[PDB]
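Written below as structure tokens is the structure these notes are about.
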Amino acid sequence: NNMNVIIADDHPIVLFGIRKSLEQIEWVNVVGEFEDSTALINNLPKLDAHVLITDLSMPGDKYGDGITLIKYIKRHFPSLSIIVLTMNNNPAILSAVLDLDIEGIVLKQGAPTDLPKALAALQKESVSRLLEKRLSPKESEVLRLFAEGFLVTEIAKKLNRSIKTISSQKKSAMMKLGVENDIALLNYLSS
Amino acid sequence: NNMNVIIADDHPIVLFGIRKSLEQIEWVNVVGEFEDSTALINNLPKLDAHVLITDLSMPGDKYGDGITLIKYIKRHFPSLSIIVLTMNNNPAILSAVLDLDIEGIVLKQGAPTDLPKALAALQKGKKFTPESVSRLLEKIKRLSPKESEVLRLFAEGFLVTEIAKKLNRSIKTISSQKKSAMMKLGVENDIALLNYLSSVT
DNA sequence: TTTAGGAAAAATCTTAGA
DNA sequence: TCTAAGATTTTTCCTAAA
């Protein structure tokens, strides 16, 4: 009858806000908060949970974060619903996230009531749907890691991939966003 | 004995978390939440308040955000304490914030009890910068004229080689003068550098 | 403090197979 | 679209003069 949820974000203030937002609902059961992927994966089999609420930017090294994490959780925990909630407002990155066949996407902006609305929709969003009506997944991941401060070689090391590949993906992404240098790049990703 | 606070953050979920975290304290009175600076300044004189808990990034075009906002609030409302809670861990940005005389700074990470500690520190008329802030400021100081010129041209959008040709010195000289400046500002790579210089224009 | 030189690294520019 | 191995450009690293 009940439903168990797991929240995952590196901001403990966000964890507290989400947990207090879910205590408004009595059929929701918070079975654990997590701040990194390494502990999350190690505690997933121990908790028979139903829904996972997570962010893309997460400090992990063994299982990573972002798309690479989702593809993992979709492959090793198929009986798990995933609702990602993100803080950034990049239409390309967001798009690449929506194209992962997940059970909901929640922006942090304009979402005081629609997160319980999506949670109740899993029993069967609004602002993100209104904004719903372009970069590839790999380009979006490279730009997300680059925005957080990771260098090209650092991103290549974090993904077990070649530096030349990450350089080509980033540079092509800049050519597709009409951006000529790194300053305007971070200026765009921040906007 | 009481104390009025105003919360300002563009994340409504973070706003909700801060509101519920301040509900834990009964001598704190949340007199208003705001998600942009334009609505914050227009309602600042209407509410007599004591403390303003704010973030750096704010979607306000008329009054700005970050440093530009603080400089305004310190100049127009001097009888107001400012607690800046932020998400980023840039030592140079945080340092530039502390050099504006704020009543406390709190990282959003690892502060479930730190913000009430700072609020209680404002009772004795003291500031409170927790251990995380001190560790962030440990990596940081006066800058030289050459370093300021190189950081200028690199700030506009000039490459290292471009600056080397404009100043008619070598590439390695400009590289050294830039990397030393980043070593003195506590910045570790180029992304945090451009974040800093974009925050302090 | 400012200025570089050789060595090394980091990042890009081609060109190209899946 | 994703991936990457050359040549090539760009930047840094150690080191060291004044």
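All of the numbers you see were taken from the coordinates with simple rules; none came from a lab. When we count neighbours, we look across all protein chains shown, and the Cβ atoms used for this are built from the backbone with ideal geometry, even at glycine.
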What would the Debye formula give as log10 I(q)/I(0) at q = 0.13, 0.24 Å⁻¹ for the alpha-carbon point model of the range B:145-199, no solvent? -0.26, -0.91
Rg and Dmax of the range B:93-198, using alpha carbons, in Å: what are they? 17.8, 56
Return the long-range amide H neighbours of B:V30 (sequence gap of 5 or more, or a different chain), with a cut-off of under 5 Å between placed amide H atoms. B:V5
Other chains' Cβ within 10 Å of B:6-15 residues: what's the mean? 5
In Å³ per residue, the alpha-carbon convex hull of the protein assembly as shown encloses 163
Links that overshoot a 31 Å alpha carbon limit, given the list A:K108/B:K46; A:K133/A:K170; A:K46/B:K139; A:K157/B:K71; B:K20/B:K139: A:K46/B:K139; A:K157/B:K71; B:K20/B:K139
What does the net charge come to around A:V179 if you take all other residues with beta carbon closer than 12 Å to its beta carbon, with K and R at +1 and D and E at -1? +1
Working only with C-alpha atoms, what are the Rg and Dmax values of the range B:65-146, expressed in angstrom? 13.5, 44
Please label the shape of the range A:3-131 as rounded, prolate or oblate, based on the square roots a ≥ b ≥ c of the eigenvalues of the alpha-carbon gyration tensor (a/c under 1.5 means rounded; beyond that, a/b larger than b/c means prolate, else oblate). rounded
Quick one: order B:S198, A:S128 by neighbouring beta-carbon count within 10 Å, fewest to most. B:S198, A:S128
How big is Rg to Rh over the range A:118-159, alpha-carbon atoms, Rh as the Kirkwood inverse-mean-distance radius? 1.24
Quote the charge dipole size of the range A:3-131 about the Cα centre in Debye, to the nearest 20; the model charges only the Cβ of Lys and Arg (+1) and of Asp and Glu (-1). 260
